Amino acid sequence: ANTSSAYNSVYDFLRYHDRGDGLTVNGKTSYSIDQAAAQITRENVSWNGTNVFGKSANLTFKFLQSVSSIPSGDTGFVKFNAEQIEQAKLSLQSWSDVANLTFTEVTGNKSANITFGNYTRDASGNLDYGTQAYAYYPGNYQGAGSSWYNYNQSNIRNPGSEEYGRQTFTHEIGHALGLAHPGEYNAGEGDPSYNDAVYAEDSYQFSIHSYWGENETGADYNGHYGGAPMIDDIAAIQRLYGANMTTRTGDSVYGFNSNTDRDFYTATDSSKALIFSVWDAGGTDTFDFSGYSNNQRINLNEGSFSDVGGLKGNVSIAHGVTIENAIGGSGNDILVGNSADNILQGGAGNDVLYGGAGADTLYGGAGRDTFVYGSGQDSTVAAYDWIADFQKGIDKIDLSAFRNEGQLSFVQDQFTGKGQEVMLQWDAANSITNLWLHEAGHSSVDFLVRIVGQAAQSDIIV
């Protein structure tokens, strides 16, 4: 089963961050998306009550202008400033995008489910410049749903320019909606570390409710902070309130050239870091990561992680979502499709493209590109791939995976009937090369890749 280095990189990247299934990552038990979600919702509390699942909620929120007391005992109340208000509304929107929640602002003396306010001092009346924020779970008790932030932190005052402030808003709102931190730890109680993490996926990579940096799981965000819910948070909040199936149901583009009107899904130039888990409820969608020069690894599989713009594990696709297309940058990239019909564009650089199942359309772009086939099921005659920009003598088609059942023999213009043979057939009228592969144990020739252009036997890796 000696397969090529290009196939191996697809195989390995497909298994990037495998989780659950009795695995042990970082010496800890590995949780599936769902085991992580159940852990995060372990309080079993939402605005609809206890152990109430899949039920929507219509909630109110309020920027407090004054208080009689803060439920924690902290003092020195300061109301939200204009920037905090704007960023908090963007955080609320990132939650209502993914779950069946509506948020309506109230003012004056009206009560609200979720409230926002800052503090500056402790119960003793001394300045507190050390703490960050906290929030209270839904309930009927005094202060339920309230969230509180330390105004002496610049990131809290300036959440639109200091990424941790925006993440903190999203985080705190999550707690105010009923989500819990993955591990039984909390600010003020001793000194927890990633060694105190229940499961391996207890990190910023999987949930912004984690206390542990994305580096603990081998992700690397280079000092940036994701502003919106991450993959496990999306599953968790959907478990409580139901998924929002009205969101971005058109053809949506994430990354460069984005049409999402969401800052966390948008890169306006190559210096912008992207950190997101995408929720998308319909249509034909594209990951456009074309503006980066880093070597990237882009995986369109539901639940999978990508290494985008020189970061690691910074992009993921939520459970329940199908993203169809991907565009690499000028780096040497790996693009891995899913079972849907995908359009993959490597861009410049020497890229490895793997369409997987479905009828995919592949553009290697400038550079020495490799189009990888791991199975006869990747390109059946009934749903064949197109490779639309193949460069004879430059690009490669990798069929080394077929060695597992016997290395393919290249034949010139006829099959022998013995199987494990591959042929290139030139349609001169249309300038199309049909790559036919006859697999052993198939009575008909069932694998076809159509190529817009010429190809040579020496371009085919067997």
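Residue numbers run from 1 along the displayed sequence.
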Notebook entry, point to check: Of 45 to 53 and 421 to 429, which one has the bigger average CA B-factor?
Noted result: 45 to 53
Next item on the list: With reference to the PDB entry, specify whether the mean Cα temperature factor is higher for 114 to 122 or for 100 to 108.
Entry: 100 to 108
Next item on the list: Identify, among 150, 293, 91, 222, the residue whose C-alpha carries the highest B-factor in the deposited PDB entry.
Entry: 222
Notebook entry, point to check: If you check the C-alpha B-factor for each of 378, 302, 216, 74 in the entry, which is highest?
Noted result: 216
Next item on the list: Pull the Cα B-factor of residue 197 out of the PDB entry and bin it into the chain's lowest, middle or highest third.
Entry: highest
Margin query: Quick check on the deposited entry: does the C-alpha B-factor of residue 189 sit in the lowest, middle or highest third of its chain?
Written below: highest
Check: With respect to C-alpha B-factor, does residue 400 fall in the lowest, middle or highest third of the chain as deposited?
Finding: highest
Next item on the list: Looking at the entry's B-factor column for C-alpha atoms only, identify whether residue 65 ranks in the lowest, middle or highest third of its chain.
Entry: lowest
Notebook entry, point to check: Which third of the chain holds residue 173 when residues are ordered by C-alpha B factor: lowest, middle or highest?
Noted result: lowest
